[PDB]
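Next up: a single chain in structure tokens, the form deposited in one PDB entry.
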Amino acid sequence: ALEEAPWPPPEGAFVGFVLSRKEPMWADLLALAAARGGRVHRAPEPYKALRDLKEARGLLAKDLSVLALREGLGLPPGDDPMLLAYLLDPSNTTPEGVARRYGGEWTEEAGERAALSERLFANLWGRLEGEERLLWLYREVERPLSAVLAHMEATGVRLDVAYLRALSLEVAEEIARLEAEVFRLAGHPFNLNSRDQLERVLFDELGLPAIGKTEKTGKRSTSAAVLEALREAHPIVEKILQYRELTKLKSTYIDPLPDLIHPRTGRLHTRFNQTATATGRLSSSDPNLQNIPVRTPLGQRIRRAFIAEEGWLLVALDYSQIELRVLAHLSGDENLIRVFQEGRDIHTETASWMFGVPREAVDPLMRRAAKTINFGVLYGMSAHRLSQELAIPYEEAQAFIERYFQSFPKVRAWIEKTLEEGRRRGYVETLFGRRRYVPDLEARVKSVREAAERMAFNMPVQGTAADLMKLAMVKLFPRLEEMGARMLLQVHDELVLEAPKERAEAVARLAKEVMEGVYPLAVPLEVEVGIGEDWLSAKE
């Protein structure tokens, strides 16, 4: 029972706030409160009251900071109990769960949320004293990163709306061509979007063989992998795959994105979720801008809609072979280090092998295929699936996986070391000490145990790569502000920046150097950088 104290709060108080909706860029600030020294200060008018705060300190601090930036207020986020809980155990992803776990209840009242922020911070800070590596990640990465993400979210990205509107109409007509052809081949119309109705057509009405079953309900699958296997069993299959591609892209990007342009900014605003993944990666939502298409011709057309403001340029930076380089460092494999000290490209070399092509003629689509193979095999792909992936007998695909691992013997050794440690202490960890708890490593069901093992030894690699990118963003942001440039998007190992046209080149050089020297490893980090008027053009 905190004393009902009057607004303003004293410096350092913990804030609580209620939004009309989860998206800070779209939300109405319904309520604002603060708690400190056994007092609760409830703001009579939330929006005006924002101006009395000098930092957003409490649960979901970034969300409030984004809203303040929207209102032209430079209110940076500070301490956030979610970030403490997430570093302790990244299964701590929601304020509902964190509260129940560390001493409170996540209600819908700013005052209670402010008092909750205060309580949880005390407890969680107590849990994190002595954990000096986690404390370092909090002070030097997550807490400062939240400020960076807040500016990214409030800045947004420009989108060629009219372009996408015109594209929709073009795609609609092609979808009609494909579905009409499907219906003719089926002999009747049906909901081609309903995979249950398609299942009957393909496997009951048509006589096509079923390849596999779905996980939870055991229906005959109609996934792309299955349809690929049936490309020649019937002409309908090809048109179903093309229908799937177009409707996926139209329904997920072409049509939704133009309606999400913010009225005040005229730009598109994602959310970068900071306590959402088991490995330390960020995620992006509402809308997700970390999964904008690129693979197919139409996907590329969609990516072209992401453009720079008039007088500016996009700068796209992407770490080269990042998790392979991270692997070299964690494992210490002398042979894998040599690969990168010699400037070799394993994705291109697998691509050249997969397609029987010299590296000069490996097109980007080939290299993408090689990356699924290379990382698929690394993190535990079966001989069987690989043989089916490469349209190749089981003997060879089985041998590719032995060649692969034989040339880097210290990898399996690191895998085995990582797993034993996880079994013993109950968690695996990144280069910087970010932890993931994987209790199923001692499961008595092999399928469950081996699944947990693949999650366990992936996490140090993926999570270290995520740590490096986070640290680079923290280092790079103030340098960009100095140059009048903007950080717009992060896509796991890629940053998209926006720079004035006359400083774009300078920004690209600087950003590349910051990313490559973020934290020297036993192998060099290389960063591919491009500049263009649109996101596609800026990645070569």
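When you see a residue number, it is the position in the sequence shown, counting from 1.
The mean Cα B-factor in the deposited entry runs higher for 181-189 than for the other of 181-189 and 166-174. As the entry records it, the average C-alpha temperature factor is higher for 350-358, out of 133-141 and 350-358. Annotation for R281, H151, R267, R200: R200 ranks highest, by Cα B-factor. Of the residues listed, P9, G532, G517, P24, the entry assigns the biggest Cα temperature factor to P9. Among the modelled residues of its chain, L390 has a C-alpha B-factor that falls in the highest third, as given in the PDB entry. Annotation for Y404: C-alpha temperature factor in the highest third relative to the rest of the modelled chain, per the entry. The entry lists a Cα temperature factor for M473 that places it in the lowest third of the chain's modelled residues. When the modelled residues of the chain are ordered by C-alpha B-factor, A466 sits in the lowest third. In the PDB entry, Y243 places in the lowest third of its chain by CA B-factor.
Same protein, other form: the form deposited in another entry, not shown, and the subject of what follows.
Look at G343, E482, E173, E215: the residue sitting at the hinge between the shown form and the other one, where one rigid part turns on the other, is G343.
Compared with the form shown here, the C-alpha atoms of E505 and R368 sit at least 3 Å farther apart in the other form.
Between this form and the other one, the CA-CA gap for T279 and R368 widens by 3 Å or more, being larger in the other form.
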